[PDB]
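Before any comments, here is the structure.
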Amino acid sequence: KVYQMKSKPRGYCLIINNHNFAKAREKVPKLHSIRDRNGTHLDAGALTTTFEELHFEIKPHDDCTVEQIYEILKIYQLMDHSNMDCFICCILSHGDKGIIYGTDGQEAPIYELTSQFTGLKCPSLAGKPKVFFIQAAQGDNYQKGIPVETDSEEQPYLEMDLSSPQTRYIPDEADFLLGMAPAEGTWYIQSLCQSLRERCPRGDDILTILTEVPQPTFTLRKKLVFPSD
């Protein structure tokens with residue numbers, strides 16, 4: 543319930559510091575639009591620092607491709623959290639839905655891995671809600687996406703477009719929080735990461751935050767708050 547998360551553990555947040563975008567520039571067009579000139583651990587520490595100032599438990603992971611992310615999918619079962627009713631999953635590597643396998647992106651069925659928490663297959667974590675953050679920043683054109691490979695893309699990289707957008711990511715799973723991406727109102731990182739962290743110690747819920755800065759993709763029945771206590 544609202545303000546009922548009051549326990550020893552604060553919250554366990556995951557953050558993938560996968561800086562290697564060589565095979566991710568195509569699947570993840572948002573990984574070639576970052577700040578290389580000035581900002582080494584800024585773009586990866588900005589997600590961690592938000593939970594550090596709250597005294598939360600962060601799991602910063604290094605350059606781990608999808609093959610290594612499997613070693614995190616098992617940890618969720620090893621935890622077997624009985625009292626802890628708060629958690630957040632932040633993934634960097636996401637394919638364009640229906641694309642082929644990749645090295646830095648993904649080569650595995652995301653829809654199966656995320657389905658390992660179903661109350662009919664393994665009702666363990668289903669006794670509590672969950673949160674999923676997504677980089678909707680879209681700083682550059684996300685229309686890039688071809689079947690061919692890419693190796694030496696220094697400056698004269700690949701550039702293509704497709705007929706209409708492509709998104710089928712809607713599990714409609716109530717009792718959860720999703721940050722997936724008419725007016726021009728869209729989701730992004732633009733003051734979003736620094737505003738959510740400011741609303742954390744204010745005692746504001748996580749339900750009115752993603753839309754504080756439309757078509758908000760969320761489904762809950764109770765007030766999902768992330769207090770610092």
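Each residue of the sequence shown is one higher than the last, beginning at 543 in this note's numbering. All C-beta atoms, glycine included, are put in the ideal place defined by N, C-alpha and C.
Collapsed DSSP secondary structure at residue i in the structure displayed
{"i": "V673", "result": "strand"}
{"i": "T607", "result": "coil"}
{"i": "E613", "result": "helix"}
{"i": "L667", "result": "helix"}
{"i": "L556", "result": "strand"}
{"i": "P602", "result": "strand"}
{"i": "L752", "result": "coil"}
{"i": "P551", "result": "coil"}
{"i": "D585", "result": "helix"}
{"i": "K543", "result": "coil"}
{"i": "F593", "result": "helix"}
{"i": "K565", "result": "coil"}
{"i": "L573", "result": "helix"}
Beta-carbon gap between residue i and residue j smaller than 9 Å
{"i": "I611", "j": "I558", "result": "yes"}
{"i": "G669", "j": "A566", "result": "no"}
{"i": "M722", "j": "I712", "result": "yes"}
{"i": "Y653", "j": "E599", "result": "no"}
{"i": "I642", "j": "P571", "result": "no"}
{"i": "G681", "j": "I576", "result": "yes"}
{"i": "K764", "j": "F718", "result": "no"}
{"i": "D638", "j": "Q736", "result": "no"}
{"i": "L762", "j": "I751", "result": "no"}
{"i": "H603", "j": "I614", "result": "yes"}
{"i": "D703", "j": "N683", "result": "yes"}
{"i": "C632", "j": "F659", "result": "no"}
{"i": "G727", "j": "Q697", "result": "no"}
{"i": "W729", "j": "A678", "result": "yes"}
Identity of the residues DSSP links to residue i by a beta bridge
{"i": "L720", "result": "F674"}
{"i": "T761", "result": "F718"}
Chain C contact for residue i (CB, 9 Å cutoff)
{"i": "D585", "result": "Note that chain C does not occur in the displayed structure, where there is just one protein chain."}
Nearest-angstrom beta carbon gap, residue j and residue i [assumed within contact, 8 Å]
{"i": "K686", "j": "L667", "result": "Actually they are not in contact, since the Cβ atoms of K686 and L667 sit about 35 Å apart, beyond 8 Å."}
{"i": "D646", "j": "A564", "result": "6 Å"}
{"i": "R552", "j": "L589", "result": "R552 to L589, Cβ: 16 Å. No contact."}
{"i": "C628", "j": "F768", "result": "6 Å"}
{"i": "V608", "j": "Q648", "result": "4 Å"}
{"i": "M626", "j": "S549", "result": "6 Å"}
{"i": "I748", "j": "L766", "result": "6 Å"}
{"i": "residue 510", "j": "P743", "result": "Not covered by the structure: residue 510. The range shown for the chain is 543 to 771."}
Heavy atom of the ligand MG within 8 Å of residue i beta-carbon
{"i": "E649", "result": "Absence of the ligand MG from the depicted structure is noted, as is the absence of any ligand whatsoever, leaving it without description."}
What are the uninterrupted segments assigned as alpha helix (DSSP H) that are 4 or more residues long and contained completely in the segment 677-746, given in chain order? If we require 4 residues or more, the alpha helix (DSSP H) runs fully inside the segment 677-746 come out as 734-741.
Alpha helix (DSSP H) runs contained entirely in the segment 615-662, provided each spans 4 or more residues: Runs found: 617-621 and 652-655.
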